[PDB]
Amino acid sequence: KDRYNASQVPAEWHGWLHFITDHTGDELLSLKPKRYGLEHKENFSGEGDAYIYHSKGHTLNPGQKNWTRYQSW
Amino acid sequence: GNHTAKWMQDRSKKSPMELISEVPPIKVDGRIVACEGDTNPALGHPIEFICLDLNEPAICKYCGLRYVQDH
Amino acid sequence: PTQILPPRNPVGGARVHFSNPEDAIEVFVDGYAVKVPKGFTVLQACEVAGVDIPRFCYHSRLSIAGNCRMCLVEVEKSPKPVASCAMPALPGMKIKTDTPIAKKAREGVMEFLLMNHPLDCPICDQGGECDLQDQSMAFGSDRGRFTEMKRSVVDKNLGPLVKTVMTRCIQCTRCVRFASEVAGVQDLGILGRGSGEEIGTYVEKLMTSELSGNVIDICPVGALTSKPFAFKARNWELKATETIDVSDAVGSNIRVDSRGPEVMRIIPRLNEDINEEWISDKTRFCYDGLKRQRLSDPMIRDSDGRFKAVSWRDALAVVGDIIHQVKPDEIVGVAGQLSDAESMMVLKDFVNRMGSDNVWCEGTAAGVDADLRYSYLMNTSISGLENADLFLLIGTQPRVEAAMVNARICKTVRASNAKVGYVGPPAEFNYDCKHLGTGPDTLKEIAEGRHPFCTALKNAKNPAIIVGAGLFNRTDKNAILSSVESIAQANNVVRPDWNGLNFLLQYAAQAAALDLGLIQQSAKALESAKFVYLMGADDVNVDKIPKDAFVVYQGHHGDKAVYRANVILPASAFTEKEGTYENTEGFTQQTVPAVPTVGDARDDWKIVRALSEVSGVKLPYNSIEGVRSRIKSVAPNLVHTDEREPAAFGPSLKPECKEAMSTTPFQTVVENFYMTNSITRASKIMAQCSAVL
Amino acid sequence: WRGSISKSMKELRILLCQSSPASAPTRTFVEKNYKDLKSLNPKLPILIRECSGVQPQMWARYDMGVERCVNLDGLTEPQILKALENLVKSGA
Amino acid sequence: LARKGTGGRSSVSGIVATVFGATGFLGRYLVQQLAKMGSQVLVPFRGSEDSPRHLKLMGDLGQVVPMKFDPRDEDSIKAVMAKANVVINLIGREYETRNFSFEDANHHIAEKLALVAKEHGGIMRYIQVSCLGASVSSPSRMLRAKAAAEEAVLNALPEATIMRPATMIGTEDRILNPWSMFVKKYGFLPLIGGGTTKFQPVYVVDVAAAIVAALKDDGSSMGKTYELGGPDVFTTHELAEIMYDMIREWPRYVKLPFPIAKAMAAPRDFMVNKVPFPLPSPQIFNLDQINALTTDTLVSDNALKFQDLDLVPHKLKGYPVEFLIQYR
Amino acid sequence: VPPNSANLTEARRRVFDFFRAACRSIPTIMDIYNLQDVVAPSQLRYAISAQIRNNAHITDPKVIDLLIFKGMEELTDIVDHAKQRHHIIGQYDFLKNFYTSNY
Amino acid sequence: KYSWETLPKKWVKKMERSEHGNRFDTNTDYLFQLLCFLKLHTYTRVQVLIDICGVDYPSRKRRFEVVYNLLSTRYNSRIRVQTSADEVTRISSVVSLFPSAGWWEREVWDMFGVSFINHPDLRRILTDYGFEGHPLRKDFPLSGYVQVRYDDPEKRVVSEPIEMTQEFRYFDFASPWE
Amino acid sequence: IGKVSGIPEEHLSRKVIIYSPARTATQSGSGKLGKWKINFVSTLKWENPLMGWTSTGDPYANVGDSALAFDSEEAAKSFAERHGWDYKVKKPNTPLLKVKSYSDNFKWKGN
Ligand SMILES: NC(=O)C1=CN([C@@H]2O[C@H](COP(=O)(O)OP(=O)(O)OC[C@H]3O[C@@H](n4cnc5c(N)ncnc54)[C@H](OP(=O)(O)O)[C@@H]3O)[C@@H](O)[C@H]2O)C=CC1
Ligand code: SF4
Ligand code: SF4
Ligand code: FES
Ligand SMILES: [Zn+2]
């Protein structure tokens, strides 16, 4: 009731709730893929690092990759 | 893997390469298979006809699924 | 009514070669007369008329085939659409390339080709650059009626170069002809009949032949694709530069297809005078070198033994100080085999004004005769070898070194039945080689007319005698060359209109070096010498340089010279710079910079000129055009780019001779051909091509 | 014909040109002189270089990398040889 | 360093800096130099996330990464200096705050960043920024602390450059912007000590250009305490003469003897006493800034000046003071 | 304005016209953008003359017409407060390059 | 077409088309005179300058091609008078005939650089104020020369430095066989 | 016409190469030949360190290839000389249509 925001509605229901479909999330839950299915993430935008998303060079991302195509000697 | 270590930094969810190398190869009858995709020929990849003359499983390039002759 | 018809020039600016202006056959291509020489197929009689007839298996360099019927133009009075590729133009023939029968024939065939063909276009490496896709999207029908089980074919293992997906392959037979004829190895085959036709080696047999990576450009379909360029890029991303190549001294033309800062794919490009449309597998797959083990920061040696990536000011300062505190005659300027003309000119002008004359290219051994330019050129053009009647490859193993010279030799052995003689070490040749002898003794046997092949060399109208610069290393180089020129004068080889005497080289810089007079006077240089200045030379024997020599390796990769180098100076590669190169036939190409230099590297000539100004010697020029003017001063041959400058001086000026050594037969100059230079040695593709032997 | 070239100069570069109307005296000079010159100086880099239109010059590298340029724009064979003699003399 | 670019704003300079005092008047010019010559900047901020917002621009998409850190808590300073090779230190205060004392904000931090950078072996250049004339036995406790900071950053970490900028002028500065908005007390300017002070201000852009110039330099400028003085050795009264040229006002100065000022700044010096209320940051009358104002030691001696950075400062008339036009 | 430059003479005449215009307009330039203290009228005249002389080797009349038009555009956008002022104040060997880049 | 019979032959000088909209590729000198015709004429009444499309052909000698469209609200027809003027050829302006040509010609000069004769207020309309260079040419790179603008210590000001961005990726889709 | 063109000064001392792009060796089709293109070398392309993509700094990065293609070396040279570039025209290497026929595959090797 506090700290709510949009995008907390999982994908099983985000269809039924925007009127795109007529399948309640209790019906699309038999269609979510078991092998690669992932739970929702609430869009942690700004709520601290390691919750926010980071590219692979941001220097905040653990494991900042180097893009230099040439492999130095 | 190493290729999959370039785009995935999670390293806790199984790498797609393993997710496809752990699915068993699909037995079939003839010498050519379809592998239209998942099940629906319109929600899968362009149909890729695979040859099963060899003994080892012949992977479908688009989906990674593997087919064997099953004689 | 005073119309303005289009010019109707040939299809690609194709020079039409009349054998004589009398036999010009006049045929009508869509009611527009064109004069084609006698013997032109209808397809060529249309390519003279600007009409581009869709062809799948007809390659101009390769033989003519009917393995598919994509051309099928309708000539006037034939009952069926004639395949344009094989129908010879008869005088008066009326070719209608766009009549409804021709277009229906083209649509018919492009439906058959796309019938058993798999939908691999998204996963096909040649998806954008595809003859099948671009002929279906231009001449083939918009829809396909075949809704059944396409045939599929397993993927043959053709080595670590050609990734093979024979299901895509349309069995046009172009590659099985290329390997039999141009590559001359005869490994590929059209096994089976019917739709079950499968192209490839019947037994698992890696395409051991070099020059067999060009089958991918030969292939009109993705099937045969570069395995090194596995999927890394697409036909549209690649920005193309019309660079040249520096691996081997043939100086083959090239397109460095780069995506951003790295070289994704190195593909050939038409240059009929050096490499028609083919490049050696040393050049196609050396691009992987340019991104591995690159030197990117100037590292000097600390007080321990490991390097320290100092800036350019500090490295140039230390090198300048150490040349100031050394005797002048102890400076040597070994220049790498990949160095361009400019940086070799700057190296010469630097180590000269420093009071030394010990600059020389990496490959040229002691006492080379770089005075007369015929003495280190392929006087007969690399195209000229097509008119040769008999070849005498003196050592030279041209399949290994200068692979496109051997491609021309094989093409001109197949087309005109020339016979070659081989006096060298036992080697494997694409064509019939007729090995004569192993050592120089059989060279005397020919010089004295006492050989069963001297009678051949005499009678031949246009003979050629290729003498590889790999035998300049031998101590009796003057004796060998004197016997060579004796064979020339005896068999009328070098005559005013043929000049069949030609020496090929194995290092790209070697021709430009010997042109700028970069001659190693003798030994006692590189020994008792204390400022060895390797300019990208890795094949220089670092066991010769004295332990106290302050080697300064201005390379770009470093294999063994870098470990000895008391200070490194990272230079640019051959794609990152713009260097004027000279191939063996004297043609003077000029690379065009494709990718940015890696790290803090600089141009070869920039590094040498900056080292000059840091080390006090004021050197006149300060730009690339300035040093090209200096080249015009020292050797104007290397300024008239893209123009071969023949040497107008025969061997009748070489003073005299000596005795040739009986022992020490001709030695294999290039052992690998897959690790001949630094770019090729640090590559991840050339290494692992060792399995291809 | 000079003999003392290998001990005075460092190299001699003759920029004759292949088939120009001019620079033909330079070609005649080389054709008639180079055999004997090199047989007399078996190690000097007497550089002969061709072109398409470059004026026929005769360069010369002395000890410390200096360079005299003698233009054989119209000099005949003995004139060219006298120019080379002056070049050899101006280095020793 | 490992520079792969042409100019900046998308180039790389191998300088992944952590400008500790970036969310400050000197910091915004230094961060803009470091991130307009194309180099990463790990701006660490102390409190409100709105502090370094004006620094998310002036750097191209991660060239400026504002990070949160507590000044007294390490293992967070080590996290800010995790991926870094340059560490500039602009953390300094001219006024004692009830929570952070003069040493705990000028000396006991610079020493702490010095130590936690020493530990994080890899900080190639560590610049330490302290006021000019910050030598021990200086009256202002801010300068004694800033001198101890230099002595502890050089000891605990040698080859660490030390800029000594004198009072820096520029937009949003602490030297001219308090005088204006006090000229808004009807032209009444209270130049303290009678303007006998001799101090050499400097356009903050040029202090930043020097702080970056000791980064782009070679191995030199390491352990060498520069003195970023500037041109035109001024006096407080004379500098005020130039303000009134920009802001259209009539010079109406007054002289204040130092006892009168130190008595007028006797309040706001009970900072450690008035616990349940923070005081409003003494702008013009600062007992410590006044102790510094007394002795005119704020002049560049024979120590290293801008000349030893191939750099010449801008003047203090014209544009380098044209931020005053917004007061007309 | 029609290109009466059927010859270099008319073009040069209108070059001098534009030069007189810019010179006689320098007062408003110095006023609107406040350069009467940083720059001297001699220096602004110097800069305008160095502009008109930097592009003096134009044997083409129409190119001179177009150059004068670009100059009149620049002036008219400087006279009025169309462009700012921090550019007007700005509008008014091999080794040292080698050390920086490769180009 | 009636318009070609009455029109003086010299005015339709170079070209004339007969589909996809008819055009009279005329000469720059006879242009505003040709635009005077087709308007204020009883059987050809256009009155409406729809558009003035600068078109840049770099491989021509007269680079640009100022394509004047023209609608004829009376006879319900549309004619496209064209011209050809290179970078330094002032072309006649038709703002006097169709006053809508004012802004269209300002845009043609701004984008391309085809200055217009006796056009009052011929001033860059679209591009930035201090813009140097003409964008819709061919040789003008897409990303512009100096057209990045960022804020800086020169507060309240956005500078105009040299430009640097993710490189525009030009894709060579064009296939052989046309 | 270089100065009136608004191009900055530093990009009119550029050295270009007026080539004609050779045929893509992979596909045997001449439908992209005869389109002469100025080639502003534009080699300087680093890798923007945040993401994996590249990042040019030269304005003339793409326009050499994209949208600036003439139809003849004379027009391309006239263009690169108006704007004052230092063009070095690299001639296109064209193929010899050597006479060839089918009946040459079945040649008789005498005996
Ligand atoms: N201003 C001047 O005229 C002069 C200043 N200097 C020196 O220049 C440097 C920067 O100057 P300037 O930016 O104007 O100074 P400020 O007083 O505006 O402070 C600048 C930065 O210091 C940080 N800071 C100060 N004290 C602390 C603390 N206790 N804990 C954490 N962060 C702190 C601020 O964080 P936050 O913003 O969150 O408070 C801000 O990021 C300082 O060393 C200063 O003494 C040199 C010459 C004179
Ligand atoms: S060759 Fe490849 S890209 Fe071309 S049509 Fe066949 S599958 Fe598609
Ligand atoms: S593999 Fe390629 S070249 Fe060979 S027949 Fe098949 S399509 Fe033709
Ligand atoms: S290519 Fe000529 S018909 Fe097959
Ligand atoms: Zn599949």
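Residues numbered from 1 in each chain as written, not as in the entry; some residues may be left out. Chains lettered and ligands numbered in written order. Part of a larger assembly, values for the part shown. Heavy atoms only, no water.

- For this deposited structure, the header cites cryo-EM as the method used and 3.8 Å as the resolution.

### Topic: the overall build of chain E
Okay, so step 1: Along chain E, the regular secondary structure elements total nine helices and eleven strands.
Okay, so step 2: Judged by the C-alpha coordinates and their principal axes, chain E covers about 55 × 45 × 40 Å.
Okay, so step 3: The proportion of buried residues among the 328 residues of chain E is 59%.
Okay, so step 4: Looking at chain E alone, contacts between residues at least 24 apart form 76% of all its contacts between residues at least 6 apart.
Okay, so step 5: Accessible surface computed for chain E: about 13,200 Å², of which carbon and sulfur atoms make up 54%.
Okay, so step 6: Charge centroids of chain E, computed over 37 positive and 34 negative side chains, lie 4 Å from each other. (Helix = DSSP H or I, 4+ residues; strand = E, 2+ residues; numbered from the N terminus. Buried < 20%, exposed > 50% of the residue type's maximum accessible area, 1.4 Å probe, protein only. Contact = heavy atoms within 4.5 Å. Areas by Shrake-Rupley, 256 points an atom, 1.4 Å probe, with all protein chains shown as cover. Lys, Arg positive; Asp, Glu negative; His and termini not counted. Charge placed at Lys NZ, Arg CZ, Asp CG, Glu CD.)

### Concerning the interface of chain F and chain C
Okay, so step 1: Each partner contributes to the interface: chain F provides nine residues, whereas chain C provides 16 residues.
Okay, so step 2: Ranking the residues of chain F by area buried against chain C places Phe94, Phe98 and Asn102 of chain F at the top, with a combined share of 59%.
Okay, so step 3: Linking chain F to chain C there are zero salt bridges.
Okay, so step 4: For the pair chain F and chain C, the number of links is three residue pairs in polar contact. (Buried area = accessible area lost by both parts, 1.4 Å probe. Salt bridge = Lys/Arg side-chain N within 4 Å of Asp/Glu carboxyl O. Polar contact = N/O pair within 3.5 Å; in protein donor to acceptor, adjacent residues only side chain to side chain.)

### Some points on the interface of chain C and chain H
How big an interface is tends to be stated in terms of accessible area lost as the parts join.
Okay, so step 1: Listed by partner, the interface residues are 59 residues for chain C and 38 residues for chain H.
Okay, so step 2: Contact with chain H buries area across many residues of chain C, yet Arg15, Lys239 and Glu242 of chain C alone supply 14% of it, more than any other trio.
Okay, so step 3: For the pair chain C and chain H, the interface holds one salt bridge.
Okay, so step 4: The partner of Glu277 of chain C in a salt bridge is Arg23 of chain H, and the shortest N-O contact between them spans 2.9 Å.
Okay, so step 5: Taken together, the connections running from chain C to chain H amount to 19 residue pairs in polar contact.
Okay, so step 6: When residues of the side of chain C that touches chain H are traced back to their parent elements, those giving at least two are β1 (15-16), α1 (42-47), α3 (131-136), β10 (239-241) and β12 (262-267) of chain C.
Okay, so step 7: Taken together, the residues of the side of chain C that touches chain H break down into 23 nonpolar, 15 polar and 21 charged.
Okay, so step 8: Summarising the sheet, β1 of chain C and strand β5 (residues 96-97) of chain H pair through two bridges and their orientation is parallel. Opposite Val16 of chain C, over in β5 of chain H, you have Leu97 of chain H as the bridge partner. (Nonpolar A, V, L, I, M, F, W, Y, C, P; charged D, E, K, R; others polar. Pairing = 2+ DSSP bridges.)

### Quick look at a nonpolar patch on the surface
Residues and elements named next belong to chain G.
Okay, so step 1: A surface patch of nonpolar side chains, about 330 Å² in accessible area, is lined by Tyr2, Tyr43 and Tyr75.
Okay, so step 2: Relative to the assigned elements, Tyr2 resides in helix α1 (residues 2-6).
Okay, so step 3: Here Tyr2 falls in the partly exposed class, since its relative accessible area comes to 38%. (Patch = residues over 30% accessible without salt bridge, like charges linked within 9 Å, V, L, I, M, F, W, Y side chains within 5 Å.)

### Thoughts on the site of ligand 3
Okay, so step 1: Around ligand 3 sit 13 residues in total, of which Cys169, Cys172, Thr173, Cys175 and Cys219 of chain C are the nearest.
Okay, so step 2: Split into classes, the residues belonging to the shell around ligand 3 amount to ten nonpolar, two polar and one charged. (Near = heavy atom within 4 Å.)

### Examining the sheet that holds strand β4 (residues 77-82) of chain G
All names here are of chain G.
Okay, so step 1: One open sheet holds the four strands; their spatial order is β1-β4-β3-β2, and the pairing between them is mixed. At either end of the open sheet lies a strand with only one pairing partner, and these are β1 (22-25) and β2 (47-53). On average, adjacent strands in this sheet sit at an angle of 25° to one another, irrespective of strand direction.
Okay, so step 2: Sheet topology note: the β2/strand β3 (residues 67-72) ladder contains five bridges and is antiparallel. Bridged to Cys53 within β3 is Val67.
Okay, so step 3: Helix α3 (residues 101-111) contacts β2 and β3 of the sheet and is inclined by roughly 10° relative to β2. (Axes fitted to C-alpha atoms, helices over the stretch in contact; angles between N-to-C directions.)

### Description of the coordination of the zinc ion (ligand 5)
Residues and elements named next belong to chain B.
Okay, so step 1: At 1.9 to 2.3 Å from the zinc ion (ligand 5) lie its protein donor atoms, namely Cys35 (SG), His45 (NE2) and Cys60 (SG).
Okay, so step 2: One chain supplies every donor to the zinc ion (ligand 5), and in sequence these donors are spaced C-x9-H-x14-C. Taken together, the residues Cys35 in the loop between β2 (32-33) and β3 (50-51) and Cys60 in the loop between β4 (58-59) and β5 (66-68) connect sequence positions 25 residues apart. Considered together, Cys35 and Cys60 belong to a single accessibility category, that of buried residues. (Donors = N, O, S within 2.8 Å, 3.2 Å for Na, K, Ca; no water.)

### Re the sheet that holds strand β2 (residues 25-29) of chain C
Remark on secondary structure: sheet strands pair via backbone hydrogen bonds, oriented parallel or antiparallel.
Residue and element names in this part refer to chain C.
Okay, so step 1: Read from one edge to the other, the open sheet built from four strands follows the order β3-β2-β5-β4, with strand pairing classed as mixed. Of all strands in the sheet, those with a lone pairing partner are β3 (32-36) and β4 (74-75), marking the two edges.
Okay, so step 2: Across five bridges, β2 lies against β3 in antiparallel orientation. When the bridges of β3 are listed, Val27 appears paired with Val34.

### Regarding unusual backbone geometry
Negative phi is the rule for most residues except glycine; trans is the rule for most peptide bonds.
Okay, so step 1: Residue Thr2 of chain C is not a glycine yet carries a positive backbone phi of 65°.
Okay, so step 2: Here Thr2 of chain C lies in the segment before β1.
Okay, so step 3: Exposure remark for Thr2 of chain C: the relative accessible area of 80% places this residue in the exposed category.
Okay, so step 4: With a phi angle near 65°, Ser23 of chain D is a residue other than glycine that sits in the positive phi range.
Okay, so step 5: The residue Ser23 of chain D is located in the loop between β1 (11-14) and α1 (24-40) in this model.

### Considering the packing of helix α4 (residues 110-119) of chain E against helix α5 (residues 141-156) of chain E
Residue and element names in this part refer to chain E.
Okay, so step 1: Between α4 and α5, the least distance of the axes is 8 Å, while the angle of their chain directions is 10°. As the angle between them shows, α4 and α5 are arranged roughly parallel. Along the contact surface, α4 presents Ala110, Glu111, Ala114, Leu115 and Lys118, while α5 presents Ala149, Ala152, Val153 and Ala156.
Okay, so step 2: Residue composition of the contact of α4 with α5, by class: seven nonpolar, no polar and two charged. (Parallel < 35°, antiparallel > 145°, perpendicular 65-115°, else oblique.)

### Considerations on the arrangement of the chains
Okay, so step 1: Between chains C and H lies the most contact-rich interface of the 16 pairs of chains that touch.
Okay, so step 2: Kept free of each other, chain A and chain D leave a smallest C-alpha distance of 36 Å between them.
Okay, so step 3: In this structure chain B stays clear of chain E, and the shortest span between their C-alpha atoms is 18 Å.

### Re the nonpolar core
Across soluble globular proteins, nonpolar side chains show a tendency to be buried alongside one another.
Okay, so step 1: Grouped together as the largest cluster of nonpolar side chains are 97 residues, with contacts concentrated most on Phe391 and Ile409 of chain C.
Okay, so step 2: When contributions to this core are tallied by element, the ones reaching two or more residues are α2 (100-113), α4 (174-180), α5 (215-218), β12, β17 (390-394), α9 (403-414), β18 (419-423) and β20 (463-466) of chain C.
Okay, so step 3: Top contributing element to this core by residue count: α9 of chain C, with seven residues.
Okay, so step 4: Once residues within four sequence positions are removed from consideration, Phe391 of chain C is found in contact with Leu385, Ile409, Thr412, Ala418, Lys419, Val420, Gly421, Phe453, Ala464 and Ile466 of chain C.
Okay, so step 5: Counting 66 residues, the second largest nonpolar core, distinct from the first, contains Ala249, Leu377 and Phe649 of chain C together with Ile46 of chain D. (Core = buried A, V, L, I, M, F, W, Y, C linked by side-chain atoms within 4.5 Å.)

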